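S.K.: Input work_15.csv, format and content: CSV, C-alpha atoms and all ligand atoms.
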```csv
chain,number,residue,atom,x,y,z
W,1,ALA,CA,81.9,72.2,141.5
W,2,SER,CA,82.9,68.6,142.3
W,3,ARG,CA,79.4,67.2,142.3
W,4,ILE,CA,76.4,67.3,139.9
W,5,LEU,CA,72.8,67.4,141.0
W,6,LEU,CA,70.7,64.4,139.9
W,7,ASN,CA,67.0,64.3,139.2
W,8,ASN,CA,66.5,62.3,142.4
W,9,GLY,CA,67.8,65.3,144.4
W,10,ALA,CA,71.1,63.7,145.3
W,11,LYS,CA,74.6,65.0,144.4
W,12,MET,CA,77.0,62.8,142.4
W,13,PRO,CA,80.7,63.3,142.3
W,14,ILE,CA,81.8,64.1,138.7
W,15,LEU,CA,85.0,62.1,139.1
W,16,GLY,CA,84.8,58.4,140.1
W,17,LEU,CA,87.1,55.3,139.9
W,18,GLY,CA,86.4,52.6,137.4
W,19,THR,CA,86.9,49.0,138.3
W,20,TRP,CA,86.5,46.9,135.2
W,21,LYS,CA,89.6,44.7,134.6
W,22,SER,CA,91.0,45.7,138.0
W,23,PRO,CA,92.4,42.4,139.2
W,24,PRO,CA,90.8,41.0,142.3
W,25,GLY,CA,94.1,41.0,144.1
W,26,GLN,CA,95.0,44.6,143.4
W,27,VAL,CA,91.6,46.4,143.4
W,28,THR,CA,91.3,46.5,147.2
W,29,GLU,CA,94.5,48.5,147.5
W,30,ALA,CA,93.5,50.6,144.4
W,31,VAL,CA,90.2,51.6,146.1
W,32,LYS,CA,91.9,52.3,149.4
W,33,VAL,CA,94.4,54.6,147.7
W,34,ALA,CA,91.7,56.3,145.7
W,35,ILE,CA,89.7,57.1,148.8
W,36,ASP,CA,92.7,58.3,150.6
W,37,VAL,CA,93.6,60.8,147.8
W,38,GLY,CA,90.0,62.1,147.5
W,39,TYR,CA,87.8,59.9,145.4
W,40,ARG,CA,84.3,59.5,146.7
W,41,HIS,CA,82.7,57.8,143.7
W,42,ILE,CA,83.4,54.2,142.8
W,43,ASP,CA,82.0,52.6,139.6
W,44,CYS,CA,81.3,48.8,140.0
W,45,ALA,CA,79.5,45.9,138.5
W,46,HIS,CA,78.7,42.3,139.3
W,47,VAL,CA,80.0,41.2,135.9
W,48,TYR,CA,83.4,42.7,136.8
W,49,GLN,CA,83.8,39.8,139.3
W,50,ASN,CA,85.7,41.9,141.9
W,51,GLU,CA,82.9,43.6,143.9
W,52,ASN,CA,83.8,41.5,147.0
W,53,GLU,CA,87.4,43.0,146.9
W,54,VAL,CA,86.1,46.5,146.2
W,55,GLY,CA,83.8,46.1,149.2
W,56,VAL,CA,86.7,45.1,151.5
W,57,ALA,CA,88.3,48.5,150.7
W,58,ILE,CA,85.2,50.5,151.2
W,59,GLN,CA,84.5,48.8,154.5
W,60,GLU,CA,88.1,49.3,155.8
W,61,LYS,CA,87.9,53.0,155.0
W,62,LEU,CA,84.5,53.3,156.6
W,63,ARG,CA,85.8,51.4,159.6
W,64,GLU,CA,88.9,53.6,159.8
W,65,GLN,CA,86.7,56.7,159.6
W,66,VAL,CA,88.5,58.1,156.6
W,67,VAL,CA,85.1,58.7,155.1
W,68,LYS,CA,81.5,58.5,156.2
W,69,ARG,CA,79.0,56.4,154.2
W,70,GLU,CA,77.0,59.5,153.2
W,71,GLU,CA,80.1,61.0,151.6
W,72,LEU,CA,80.5,58.0,149.3
W,73,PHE,CA,78.7,57.6,145.9
W,74,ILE,CA,78.7,53.9,145.1
W,75,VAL,CA,77.5,52.7,141.7
W,76,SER,CA,76.8,49.2,140.5
W,77,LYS,CA,74.9,47.6,137.6
W,78,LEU,CA,72.4,44.8,136.9
W,79,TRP,CA,73.9,42.3,134.5
W,80,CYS,CA,72.1,41.1,131.3
W,81,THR,CA,71.3,37.6,132.7
W,82,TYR,CA,69.1,39.1,135.4
W,83,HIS,CA,66.7,41.3,133.5
W,84,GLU,CA,63.7,39.1,134.6
W,85,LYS,CA,61.4,40.8,137.1
W,86,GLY,CA,62.0,37.9,139.5
W,87,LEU,CA,65.8,38.1,139.4
W,88,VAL,CA,66.4,41.8,139.7
W,89,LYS,CA,66.2,42.1,143.5
W,90,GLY,CA,68.4,39.1,144.2
W,91,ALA,CA,71.0,40.5,141.8
W,92,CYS,CA,71.0,43.8,143.7
W,93,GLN,CA,71.3,42.1,147.0
W,94,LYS,CA,74.3,40.0,145.9
W,95,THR,CA,76.0,43.2,144.8
W,96,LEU,CA,75.1,44.9,148.1
W,97,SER,CA,76.4,41.9,150.1
W,98,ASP,CA,79.7,41.8,148.1
W,99,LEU,CA,80.2,45.5,148.5
W,100,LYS,CA,79.4,45.3,152.2
W,101,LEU,CA,76.7,48.0,151.8
W,102,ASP,CA,73.1,48.4,152.8
W,103,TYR,CA,72.2,50.6,149.9
W,104,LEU,CA,73.6,51.7,146.5
W,105,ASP,CA,73.7,55.3,145.5
W,106,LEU,CA,73.0,54.4,141.9
W,107,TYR,CA,72.0,51.1,140.3
W,108,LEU,CA,72.1,50.9,136.5
W,109,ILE,CA,70.7,48.6,133.9
W,110,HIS,CA,74.1,47.6,132.6
W,111,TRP,CA,73.0,47.0,128.9
W,112,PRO,CA,69.6,47.2,127.2
W,113,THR,CA,69.8,43.6,126.2
W,114,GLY,CA,68.5,40.8,128.4
W,115,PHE,CA,70.3,37.4,128.1
W,116,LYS,CA,69.0,33.9,129.2
W,117,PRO,CA,69.4,33.5,133.0
W,118,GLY,CA,71.9,31.0,134.3
W,119,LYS,CA,75.5,30.9,135.6
W,120,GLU,CA,77.0,32.1,132.4
W,121,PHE,CA,77.3,35.8,131.9
W,122,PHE,CA,77.3,35.4,128.1
W,123,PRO,CA,75.2,32.3,127.3
W,124,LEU,CA,75.8,31.3,123.7
W,125,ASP,CA,74.0,28.9,121.3
W,126,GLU,CA,76.0,26.3,119.4
W,127,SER,CA,76.9,28.8,116.8
W,128,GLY,CA,78.1,31.6,119.0
W,129,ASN,CA,75.1,33.8,119.2
W,130,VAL,CA,74.1,35.2,122.6
W,131,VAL,CA,70.9,33.6,123.7
W,132,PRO,CA,68.4,36.4,124.5
W,133,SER,CA,65.7,36.5,127.2
W,134,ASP,CA,62.2,37.5,126.3
W,135,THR,CA,62.2,40.4,128.8
W,136,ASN,CA,61.8,44.0,127.7
W,137,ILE,CA,63.4,47.2,129.0
W,138,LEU,CA,60.1,48.5,130.4
W,139,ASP,CA,59.4,45.6,132.8
W,140,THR,CA,63.0,45.5,133.8
W,141,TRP,CA,62.7,49.2,134.6
W,142,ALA,CA,59.6,48.6,136.8
W,143,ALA,CA,61.6,46.1,138.6
W,144,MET,CA,64.3,48.7,139.1
W,145,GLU,CA,61.8,51.2,140.5
W,146,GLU,CA,60.8,48.7,143.1
W,147,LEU,CA,64.4,48.7,144.4
W,148,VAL,CA,64.0,52.4,145.1
W,149,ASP,CA,60.8,51.8,147.0
W,150,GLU,CA,62.4,49.1,149.0
W,151,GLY,CA,65.3,51.3,150.1
W,152,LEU,CA,68.0,49.2,148.4
W,153,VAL,CA,69.1,51.9,146.0
W,154,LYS,CA,68.8,55.7,146.1
W,155,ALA,CA,68.8,56.3,142.4
W,156,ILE,CA,68.3,54.1,139.3
W,157,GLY,CA,69.6,54.6,135.7
W,158,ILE,CA,70.6,53.0,132.5
W,159,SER,CA,73.8,52.3,130.6
W,160,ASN,CA,74.5,51.8,126.8
W,161,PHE,CA,70.9,52.9,126.0
W,162,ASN,CA,70.5,54.7,122.6
W,163,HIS,CA,68.2,57.7,122.2
W,164,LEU,CA,65.2,55.6,121.2
W,165,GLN,CA,65.7,53.4,124.2
W,166,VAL,CA,66.0,56.3,126.6
W,167,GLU,CA,62.9,57.7,125.1
W,168,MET,CA,61.1,54.3,125.5
W,169,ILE,CA,61.7,54.6,129.2
W,170,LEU,CA,60.7,58.3,129.4
W,171,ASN,CA,57.5,57.3,127.7
W,172,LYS,CA,56.8,54.2,129.8
W,173,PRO,CA,53.1,54.1,130.7
W,174,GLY,CA,53.0,54.6,134.5
W,175,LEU,CA,56.6,55.7,134.8
W,176,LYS,CA,57.4,56.2,138.5
W,177,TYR,CA,61.1,57.2,138.6
W,178,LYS,CA,62.9,58.7,135.7
W,179,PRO,CA,66.4,57.4,135.0
W,180,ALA,CA,68.9,59.6,136.7
W,181,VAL,CA,71.9,58.6,134.6
W,182,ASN,CA,72.8,57.2,131.3
W,183,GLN,CA,76.4,55.8,131.4
W,184,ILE,CA,77.9,55.5,127.9
W,185,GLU,CA,81.2,55.3,126.1
W,186,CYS,CA,82.6,58.8,125.5
W,187,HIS,CA,86.0,60.1,124.5
W,188,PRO,CA,87.4,62.3,121.7
W,189,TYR,CA,87.1,59.5,119.2
W,190,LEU,CA,83.5,58.9,120.1
W,191,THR,CA,82.1,62.3,121.2
W,192,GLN,CA,78.4,61.4,121.3
W,193,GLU,CA,77.1,64.9,120.8
W,194,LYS,CA,73.7,63.8,119.7
W,195,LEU,CA,73.0,61.3,122.5
W,196,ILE,CA,74.4,63.6,125.2
W,197,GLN,CA,72.3,66.6,124.1
W,198,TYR,CA,69.2,64.4,124.1
W,199,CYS,CA,69.9,63.0,127.6
W,200,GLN,CA,70.9,66.4,129.1
W,201,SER,CA,67.8,68.0,127.6
W,202,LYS,CA,65.8,65.5,129.5
W,203,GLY,CA,67.7,66.2,132.8
W,204,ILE,CA,69.4,62.8,132.6
W,205,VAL,CA,73.1,63.0,133.7
W,206,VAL,CA,75.5,61.4,131.4
W,207,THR,CA,78.5,59.4,132.7
W,208,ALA,CA,81.4,58.9,130.3
W,209,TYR,CA,83.1,55.5,130.5
W,210,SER,CA,86.4,54.4,128.8
W,211,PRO,CA,87.5,58.1,128.8
W,212,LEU,CA,91.1,57.0,128.1
W,213,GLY,CA,90.0,54.7,125.3
W,214,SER,CA,90.2,51.5,127.5
W,215,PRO,CA,93.7,50.6,126.3
W,216,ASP,CA,93.6,47.4,128.6
W,217,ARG,CA,90.4,46.1,126.9
W,218,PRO,CA,91.1,42.4,126.1
W,219,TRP,CA,90.3,42.7,122.5
W,220,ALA,CA,92.5,45.7,121.7
W,221,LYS,CA,94.6,45.5,118.6
W,222,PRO,CA,97.9,47.1,117.8
W,223,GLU,CA,96.4,48.7,114.8
W,224,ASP,CA,93.8,50.4,117.0
W,225,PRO,CA,94.0,54.2,117.5
W,226,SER,CA,95.4,55.3,120.9
W,227,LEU,CA,94.0,58.4,122.6
W,228,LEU,CA,96.9,58.5,125.2
W,229,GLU,CA,99.4,58.6,122.3
W,230,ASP,CA,97.6,61.1,120.1
W,231,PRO,CA,100.2,63.8,119.7
W,232,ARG,CA,97.5,66.4,119.1
W,233,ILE,CA,96.1,65.7,122.6
W,234,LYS,CA,99.6,65.5,124.0
W,235,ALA,CA,100.2,69.0,122.6
W,236,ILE,CA,97.1,70.3,124.4
W,237,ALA,CA,98.2,68.7,127.6
W,238,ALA,CA,101.7,70.2,127.2
W,239,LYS,CA,100.1,73.6,126.8
W,240,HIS,CA,98.5,73.2,130.2
W,241,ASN,CA,101.5,71.4,131.8
W,242,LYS,CA,99.2,68.4,132.5
W,243,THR,CA,99.4,64.8,131.3
W,244,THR,CA,97.3,63.6,128.3
W,245,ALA,CA,95.2,61.5,130.7
W,246,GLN,CA,94.5,64.5,132.8
W,247,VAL,CA,93.3,66.4,129.6
W,248,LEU,CA,91.2,63.3,128.7
W,249,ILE,CA,89.5,63.3,132.1
W,250,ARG,CA,89.0,67.1,132.3
W,251,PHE,CA,87.4,67.1,128.8
W,252,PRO,CA,84.1,65.3,129.8
W,253,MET,CA,84.0,67.2,133.0
W,254,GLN,CA,83.7,70.5,131.1
W,255,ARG,CA,80.8,69.0,129.1
W,256,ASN,CA,78.9,68.6,132.4
W,257,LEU,CA,79.5,64.9,132.3
W,258,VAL,CA,80.6,62.5,135.1
W,259,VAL,CA,83.8,60.5,134.2
W,260,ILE,CA,85.1,57.3,135.6
W,261,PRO,CA,88.8,56.6,134.6
W,262,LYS,CA,90.0,53.2,135.7
W,263,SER,CA,93.4,52.5,137.2
W,264,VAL,CA,95.0,50.1,139.7
W,265,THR,CA,98.4,52.0,139.6
W,266,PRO,CA,98.6,54.2,142.7
W,267,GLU,CA,100.5,57.0,141.0
W,268,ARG,CA,98.0,57.2,138.2
W,269,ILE,CA,95.0,57.0,140.6
W,270,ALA,CA,96.5,60.1,142.3
W,271,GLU,CA,97.4,61.9,138.9
W,272,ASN,CA,93.9,61.2,137.6
W,273,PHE,CA,92.4,63.0,140.5
W,274,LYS,CA,94.4,66.2,140.0
W,275,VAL,CA,92.0,67.6,137.4
W,276,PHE,CA,90.4,70.3,139.4
W,277,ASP,CA,93.1,72.9,139.2
W,278,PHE,CA,93.2,73.8,135.5
W,279,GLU,CA,90.7,74.5,132.7
W,280,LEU,CA,90.6,73.6,129.0
W,281,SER,CA,89.7,76.6,126.8
W,282,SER,CA,86.5,76.6,124.8
W,283,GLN,CA,88.8,76.4,121.8
W,284,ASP,CA,90.6,73.4,123.3
W,285,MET,CA,87.2,71.8,123.9
W,286,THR,CA,86.0,72.2,120.3
W,287,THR,CA,89.3,71.0,119.0
W,288,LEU,CA,89.0,67.8,121.1
W,289,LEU,CA,85.5,67.4,119.8
W,290,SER,CA,86.8,67.6,116.3
W,291,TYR,CA,88.7,64.4,116.8
W,292,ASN,CA,85.4,62.4,116.7
W,293,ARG,CA,85.6,59.3,114.5
W,294,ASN,CA,82.7,57.3,115.8
W,295,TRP,CA,85.2,54.7,117.0
W,296,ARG,CA,83.7,52.4,119.7
W,297,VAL,CA,85.8,50.4,122.1
W,298,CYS,CA,82.9,48.6,123.7
W,299,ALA,CA,80.7,46.3,121.7
W,300,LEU,CA,80.5,42.6,121.2
W,301,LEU,CA,79.8,40.9,117.8
W,302,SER,CA,77.9,37.9,119.4
W,303,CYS,CA,75.2,40.3,120.6
W,304,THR,CA,74.5,42.2,117.4
W,305,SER,CA,71.3,40.2,116.5
W,306,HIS,CA,69.7,40.9,119.9
W,307,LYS,CA,66.5,42.8,119.2
W,308,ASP,CA,67.6,45.4,121.8
W,309,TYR,CA,71.2,45.9,120.5
W,310,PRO,CA,71.8,49.6,121.0
W,311,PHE,CA,74.2,50.6,118.3
W,312,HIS,CA,72.5,50.0,115.0
W,313,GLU,CA,70.6,53.3,115.7
W,314,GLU,CA,72.7,56.3,114.7
W,315,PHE,CA,72.5,57.5,118.2
E,1,LIG,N1,78.7,50.7,131.6
E,1,LIG,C1,79.5,49.9,130.8
E,1,LIG,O1,79.1,49.2,129.9
E,1,LIG,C2,81.0,50.1,130.9
E,1,LIG,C3,81.8,49.7,129.9
E,1,LIG,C4,83.2,50.0,129.9
E,1,LIG,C5,83.7,50.6,131.1
E,1,LIG,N2,82.8,51.0,132.1
E,1,LIG,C6,83.4,51.7,133.4
E,1,LIG,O2,84.3,52.7,133.0
E,1,LIG,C7,85.6,52.5,133.6
E,1,LIG,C8,86.7,53.2,132.8
E,1,LIG,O3,86.7,52.5,131.5
E,1,LIG,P1,87.8,51.4,131.1
E,1,LIG,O4,88.2,50.6,132.2
E,1,LIG,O5,87.2,50.7,129.9
E,1,LIG,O6,89.0,52.2,130.6
E,1,LIG,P2,89.8,53.7,130.8
E,1,LIG,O7,89.5,54.2,132.1
E,1,LIG,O8,89.5,54.4,129.6
E,1,LIG,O9,91.3,53.1,130.7
E,1,LIG,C9,91.9,52.3,131.7
E,1,LIG,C10,93.3,52.0,131.1
E,1,LIG,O10,94.1,53.2,131.2
E,1,LIG,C11,95.2,53.1,132.0
E,1,LIG,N3,95.4,54.4,132.7
E,1,LIG,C12,94.7,55.0,133.8
E,1,LIG,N4,95.2,56.1,134.1
E,1,LIG,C13,96.3,56.3,133.3
E,1,LIG,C14,97.2,57.4,133.3
E,1,LIG,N5,97.1,58.5,134.1
E,1,LIG,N6,98.2,57.3,132.3
E,1,LIG,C15,98.3,56.2,131.5
E,1,LIG,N7,97.4,55.2,131.5
E,1,LIG,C16,96.4,55.3,132.4
E,1,LIG,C17,94.9,52.0,133.0
E,1,LIG,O11,96.1,51.3,133.4
E,1,LIG,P3,96.4,50.8,134.9
E,1,LIG,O12,95.1,50.3,135.5
E,1,LIG,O13,97.4,49.7,134.7
E,1,LIG,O14,97.0,52.0,135.7
E,1,LIG,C18,94.1,51.0,132.1
E,1,LIG,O15,94.9,50.2,131.3
E,1,LIG,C19,85.6,51.0,133.8
E,1,LIG,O16,86.6,50.5,134.6
E,1,LIG,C20,84.2,50.7,134.2
E,1,LIG,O17,84.1,51.1,135.6
E,1,LIG,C21,81.5,50.8,132.1
E,2,LIG,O1,80.1,45.8,130.2
E,2,LIG,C1,81.1,46.4,130.7
E,2,LIG,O2,81.0,47.2,131.7
E,2,LIG,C2,82.4,46.3,130.0
E,2,LIG,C3,82.4,45.0,129.2
E,2,LIG,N1,82.2,45.2,127.9
E,2,LIG,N2,82.2,44.0,127.1
E,2,LIG,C4,81.9,44.4,125.8
E,2,LIG,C5,80.4,44.3,125.7
E,2,LIG,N3,79.6,44.6,124.7
E,2,LIG,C6,78.3,44.4,124.9
E,2,LIG,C7,77.2,44.7,124.0
E,2,LIG,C8,75.9,44.3,124.4
E,2,LIG,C9,74.7,44.6,123.5
E,2,LIG,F1,73.8,45.3,124.2
E,2,LIG,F2,75.0,45.4,122.5
E,2,LIG,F3,74.1,43.5,123.1
E,2,LIG,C10,75.7,43.7,125.6
E,2,LIG,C11,76.7,43.4,126.5
E,2,LIG,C12,78.0,43.8,126.1
E,2,LIG,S1,79.4,43.6,127.0
E,2,LIG,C13,82.4,42.7,127.6
E,2,LIG,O3,82.4,41.7,126.8
E,2,LIG,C14,82.7,42.6,129.0
E,2,LIG,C15,82.9,41.3,129.5
E,2,LIG,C16,83.1,41.2,130.8
E,2,LIG,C17,83.1,42.3,131.6
E,2,LIG,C18,82.9,43.5,131.2
E,2,LIG,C19,82.6,43.7,129.8
```
Could you show the structure in this file as structure tokens?
M.R.:
Amino acid sequence: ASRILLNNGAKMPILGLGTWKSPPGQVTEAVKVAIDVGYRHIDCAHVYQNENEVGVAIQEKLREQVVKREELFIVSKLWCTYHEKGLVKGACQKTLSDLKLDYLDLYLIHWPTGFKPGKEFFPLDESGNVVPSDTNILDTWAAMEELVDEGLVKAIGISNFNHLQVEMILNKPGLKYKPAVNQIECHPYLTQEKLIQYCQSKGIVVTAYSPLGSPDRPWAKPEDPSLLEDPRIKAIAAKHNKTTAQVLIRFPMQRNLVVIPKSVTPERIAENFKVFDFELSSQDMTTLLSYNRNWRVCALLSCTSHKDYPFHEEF
């Protein structure tokens, strides 16, 4: 089907629109187009600096009665400089005000690592190290549970948490709400079989980000591999008369994942949505899995000393 059941009882569309790097002056039309062609799930974050512009689109389509609020699945994330107990609600409310919403369908802890609070998203020390905060993921989680009890968010989850970090939450003394989602990087060069099996076995839905390999990531290098240009993946697309992006989106769907491709190009927003009329074979699926190379697009050097850095752990 087009939605997956979460452990809070709500249904989540398995295809959503990503918004990182979408320019503020193009994202409003991108989201309007996406809602017109069928998207019902938008992935957002405060740190993306465009939630106000995303919100304008949502509100105009609610106003035009193109969609009802209950049909939408809007996701945002708590940035690293707001992990303190005291700061979490205000951060949520700023995202709700920008998005012109009175609740979120899902709010995530964006990364396991807390950073010093302040105006800078990445506060650095004089030698370029991120300055941590002395907060821990368990008290931040409790702060997230309160947002559920206050009606601000319907579900809470995590992002970029490794298996020991998910387990820390699942084992939290006094845990009130389990995380509904873990949103992680996932594509054929980073297949994440171990972390996905762990999360699914715990009834945690996995959302796959950068499913096209984030070719617009700012730190991309020409020497970097390219999923969209991999002729083996092109061949599989060509077998099904689809584009490579369409194969790349359909692949996590058939692993019972949610996937959130980003685009601000209307033709591609539409193309990326036409992934419900074809299936990859089980053989196609194992072949795509075989391209794993443990290549990660999303990390940041300056954060690697943080005690809560998620990617030293194998998974
Ligand atoms: N939780 C987190 O830490 C985290 C981290 C990274 C990403 N995310 C979320 O995941 C979303 C998707 O990840 P991403 O933005 O890193 O990258 P992505 O979706 O893997 O790739 C986006 C790039 O692909 C291009 N593209 C889209 N559709 C295409 C198509 N059909 N054919 C060819 N190129 C196409 C886009 O170009 P145009 O836009 O120019 O069309 C853009 O340059 C993000 O936007 C964000 O919402 C979350
Ligand atoms: O975050 C987005 O959605 C995309 C994203 N990713 N990254 C790469 C990152 N790598 C990290 C590693 C840690 C770590 F936990 F490992 F310390 C913590 C935080 C980060 S940000 C960025 O630097 C970034 C900057 C602005 C807006 C979005 C992003």
S.K.: Using all atoms listed in the file, find each residue with an atom at most 10 Å away from ligand LIG 2 (chain E) and format the answer as a VMD selection string.
M.R.: chain W and resid 18 to 21 43 to 49 76 to 77 79 to 80 110 to 115 121 to 122 130 132 159 to 161 183 to 185 209 to 210 214 217 to 219 297 to 312
S.K.: Dump as JSON lines the rows for residues of region 206-275 of chain W within 12 Å of region 22-33 of chain W: closest atom pair and distance in Å with one decimal, all atoms listed in the file counted, ordered by chain and rising residue number.
M.R.:
```
{"residue": "W:216", "atom": "CA", "partner": "W:22", "partner_atom": "CA", "distance": 9.9}
{"residue": "W:217", "atom": "CA", "partner": "W:22", "partner_atom": "CA", "distance": 11.1}
{"residue": "W:261", "atom": "CA", "partner": "W:22", "partner_atom": "CA", "distance": 11.6}
{"residue": "W:262", "atom": "CA", "partner": "W:22", "partner_atom": "CA", "distance": 7.9}
{"residue": "W:263", "atom": "CA", "partner": "W:22", "partner_atom": "CA", "distance": 7.3}
{"residue": "W:264", "atom": "CA", "partner": "W:30", "partner_atom": "CA", "distance": 5.0}
{"residue": "W:265", "atom": "CA", "partner": "W:30", "partner_atom": "CA", "distance": 7.0}
{"residue": "W:266", "atom": "CA", "partner": "W:30", "partner_atom": "CA", "distance": 6.5}
{"residue": "W:267", "atom": "CA", "partner": "W:33", "partner_atom": "CA", "distance": 9.4}
{"residue": "W:268", "atom": "CA", "partner": "W:30", "partner_atom": "CA", "distance": 10.1}
{"residue": "W:269", "atom": "CA", "partner": "W:33", "partner_atom": "CA", "distance": 7.5}
{"residue": "W:270", "atom": "CA", "partner": "W:33", "partner_atom": "CA", "distance": 8.0}
{"residue": "W:271", "atom": "CA", "partner": "W:33", "partner_atom": "CA", "distance": 11.8}
{"residue": "W:273", "atom": "CA", "partner": "W:33", "partner_atom": "CA", "distance": 11.2}
```
S.K.: Can you pull out every residue within 7 Å of residue 205 (chain W), counting all atoms listed in the file, but drop anything in the same chain fewer than 3 positions away, and send it as a list in words?
M.R.: residues 6, 180, 181, 182, 199, 200 and 257 of chain W
S.K.: Which residue, W:36, W:315, W:231, W:147, has the smallest gap to residue 166 (chain W) when you use only C-alpha atoms?
M.R.: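 Under the stated criterion, the closest residue is W:315.
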S.K.: I'd like the contact shell of residue 96 (chain W) - 12 Å cut-off, all atoms listed in the file, skipping same-chain residues fewer than 2 positions apart - returned as a PyMOL selection string.
M.R.: chain W and resi 44-46+51-52+54-55+58+74-78+89-94+98-107+147+151-153
S.K.: Which residue is closest to ligand LIG 1 (chain E)? Choose from W:294, W:287, W:207, W:8 and count only C-alpha atoms and all ligand atoms.
M.R.: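 Nearest candidate to ligand LIG 1 (chain E) out of W:294, W:287, W:207, W:8: W:207.
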S.K.: Rounded to one decimal place, report the CA of residue 141 (chain W)-atom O2 of ligand LIG 1 (chain E) distance in Å.
M.R.: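 Calculated distance between CA of residue 141 (chain W) and atom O2 of ligand LIG 1 (chain E) is 21.9 Å.
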S.K.: One decimal, in Å: what's the spacing between CA of residue 202 (chain W) and CA of residue 155 (chain W)?
M.R.: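 Straight-line distance from CA of residue 202 (chain W) to CA of residue 155 (chain W) works out to 16.1 Å.
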S.K.: When distances are computed from all atoms listed in the file, which of W:250, W:139, W:197, W:128 shows the smallest separation from residue 88 (chain W)?
M.R.: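 Of the candidates, the smallest distance to residue 88 (chain W) is held by W:139.
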S.K.: Record the distance separating CA of residue 290 (chain W) and CA of residue 41 (chain W), expressed in Å with one decimal.
M.R.: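 Calculated distance between CA of residue 290 (chain W) and CA of residue 41 (chain W) is 29.4 Å.
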S.K.: Counting only C-alpha atoms, I want the residues whose atoms come within 6 Å of (84.1, 66.3, 137.3) in the file frame, returned as a compact mmCIF listing (two decimals) with C-alpha atoms, in the coordinates of the input.
M.R.:
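Output saved as point_34.txt:
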```
# COMPACT_ATOMS: atom_id res chain seq x y z
CA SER W 2 82.90 68.60 142.30
CA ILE W 14 81.80 64.10 138.70
CA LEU W 15 85.00 62.10 139.10
CA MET W 253 84.00 67.20 133.00
CA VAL W 258 80.60 62.50 135.10
```
S.K.: Of the candidates W:226, W:282, W:241, W:140, which shows the shortest atom-to-atom distance to ligand LIG 1 (chain E), using only C-alpha atoms and all ligand atoms?
M.R.: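 The answer is W:226, which sits nearest to ligand LIG 1 (chain E).
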S.K.: Using all atoms listed in the file, which residue out of W:129, W:162, W:170, W:232 lies closest to residue 196 (chain W)?
M.R.: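 Of W:129, W:162, W:170, W:232, the one nearest residue 196 (chain W), counting all atoms listed in the file, is W:162.
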S.K.: Ranking W:13, W:222, W:157, W:118 by minimum distance to ligand LIG 1 (chain E) and counting all atoms listed in the file, which one comes first?
M.R.: W:157
